[PDB]
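Single-structure report; data block below.
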Amino acid sequence: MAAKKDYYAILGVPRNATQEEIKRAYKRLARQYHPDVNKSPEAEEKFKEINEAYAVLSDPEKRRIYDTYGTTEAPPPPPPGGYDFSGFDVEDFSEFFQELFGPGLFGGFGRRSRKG
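Our numbering applies: residue 1 is where the sequence shown begins, and numbers increase by one.
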């Protein structure tokens with residue numbers, strides 16, 4: 001329920017956007033925050049968010065995951081390891097991604113207890 005980042009707002013597309021407008025919405029922003037173009041700590045952070053937004057917005061397959069989940073009440077996500085993230089480095093993205101795909105990225109480390 002880390003409602004601090006609307007993935008659609010980050011790219012500049014509506015909720016029921018077509019994948020056509022989503023992909024070019026990544027491309028436009030990528031060039032602005034690319035380190036060779038713009039080597040600022042103010043850029044690197046947005047460069048995460050646009051790739052984070054597009055990591056979910058790449059397919060309606062992932063868009064529906066964060067749509068049906070993304071609350072505290074939301075059912076437990078699919079078993080760890082069963083996520084595609086190669087060439088994104090999604091473990092470095094923020095809480096809203098780390099609540100959904102993150103438990104699968106880590107696989108549950110620390111050897112911690114849980115409440116129910």
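Cβ coordinates follow ideal geometry from the N, Cα and C atoms, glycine included.
What would DSSP say about residue i, mapped onto helix, strand or coil?
i: residue 57; result: helix
i: residue 25; result: helix
i: residue 90; result: helix
i: residue 71; result: coil
i: residue 7; result: helix
i: residue 99; result: coil
i: residue 16; result: coil
i: residue 77; result: coil
i: residue 129; result: Outside the displayed span of the chain (1 to 116) sits residue 129, for which this structure offers no information.
i: residue 62; result: helix
i: residue 114; result: coil
i: residue 30; result: helix
So residue i and residue j are supposed to be a Cβ contact under 8 Å. How far apart are they, rounded?
i: residue 8; j: residue 26; result: About 12 Å separates the two Cβ atoms, so there is no contact after all.
i: residue 104; j: residue 78; result: 7 Å
i: residue 100; j: residue 65; result: 6 Å
i: residue 107; j: residue 81; result: 7 Å
Compute every distance between the C-beta of residue i and the non-hydrogen atoms of the ligand FMN, then say whether any falls below 7 Å.
i: residue 39; result: Ligands in the displayed structure: none, and consequently the ligand FMN is not present.
Next on the checklist: Below 8 Å, how does it come out for the region 22-39 and the region 68-78: are there three or more Cβ pairs, yes or no?
Outcome noted: no
Checklist entry - Any chance the region 41-60 sits against the region 83-99, with 3 or more Cβ pairs inside 8 Å? => result With the rule of 3 Cβ pairs closer than 8 Å, the region 41-60 counts as touching the region 83-99.
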